[PDB]
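Before any questions on how it binds or moves, here is one chain, the form deposited in one PDB entry, in C-alpha cells.
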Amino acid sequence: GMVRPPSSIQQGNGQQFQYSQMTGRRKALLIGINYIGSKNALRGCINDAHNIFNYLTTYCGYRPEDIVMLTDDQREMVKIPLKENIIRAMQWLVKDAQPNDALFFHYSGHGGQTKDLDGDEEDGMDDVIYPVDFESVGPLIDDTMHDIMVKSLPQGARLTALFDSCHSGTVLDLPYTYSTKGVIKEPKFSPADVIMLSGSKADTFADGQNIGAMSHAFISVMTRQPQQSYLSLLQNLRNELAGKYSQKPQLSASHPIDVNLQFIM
C-alpha cells in the first residue's frame, strides 16, 4: 500500500505545517489565455484549461458548479480572464477554506518578470502572470497572488497550483522547490499545504512553445497511474517531458515534503 501523509501538525526546519488529507471541499480556478487577435497570441492555452477541467471532473470528483474557468474566447465578460476577474476568482477560490480542503489552481498563458519598482532592492523583479488585458492594466504579480491565495489559507488546506507558463516557485513566494535531483531551493511561513507544479525555464513571450507542456504531462501521468508518491510524480513527469521539451518538472511548496508520501489529488 501507499504511505499517506501524516495527519498531525509537522515541525520541519523551524516551521509548523500540516498536509491536507484531501477529504474536504473541491473547488478550482482554471485560467487559459490565448491573447486572441494580439501580437502575443497563443494557440493552446484555452485547450489546456479545458483539459484540466475534464481531468478534475472525470477523475478527481470536482463538480462543474465548483470550478471557475476564465478563457478569453468567451462572449460573457465575467468569464474573461481580465485582471479584475482573476483577482475576484482567486478570492472566491479560497473563501471558506478549511483544513483538508482540496483547492486547485491552473494557469496557462504568458508569464515573466517585471521590475519591482517600489521594492527596496535595485534590480529587484516581481514574478507575474499576464491577464488578457495586461496592455492596459498591467500584470498580476506574485505579491497579490500570494496575498489572496496563500496567506488566507488555514493549516492543512491544500492549494495545488499547476502553472503551464514555466514559473518558478517565486510566483507564489514558495520557499521550497524539489526536482528529480532532490531539494533545489530551501530557506513568514504558511502552515497550509500549498504545492505547485511547473516547468523549469517577460520570459514566455518569445518562447511560447514551452507553454502548456506541464498540464499535458500531469494529466497523462495521473491518468496512466493514479497512485503516485511525490517522488514518482516528479520522475514520471520528467520521463513524460524528457524528449519533447527542455523544461524539467519542479515541485514547489510552502513546506518541506517527504517525497515518499503519496501525492493525493
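Position 1 is the first residue in the sequence shown; the rest follow in order. Residues that one form lacks are left out of the comparison. Under this definition, the rigid core comprises the largest set of C-alpha atoms superposing within 1.5 Å between the forms.
Missing here is the form deposited in another entry; even so, the following discussion is about that form.
- Rigid core superposed between this form and the one not shown, residues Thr177, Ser152, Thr170, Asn85 considered: the one with a C-alpha shift of 2 Å or more is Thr170.
- A movement of the C-alpha atom of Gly138 falling short of 2 angstroms is seen between this form and the one not shown when the two forms are aligned on their rigid core.
- After superposing the rigid core, the Cα of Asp126 is displaced by 2 Å or more between this form and the one not shown.
- Superposition of the core reveals a Cα shift of 2 Å or more for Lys115 between this form and the one not shown.
- Between this form and the other one, the CA-CA gap for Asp118 and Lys83 widens by 3 Å or more, being larger in the other form.
- In the other form, the separation between the C-alpha atoms of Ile80 and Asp116 grows by 3 Å or more relative to the displayed form.
- In this core-based overlay, residues 114-126, 166-170, 181-187 form runs of three or more whose Cα positions differ by 2 Å or more between this form and the one not shown.
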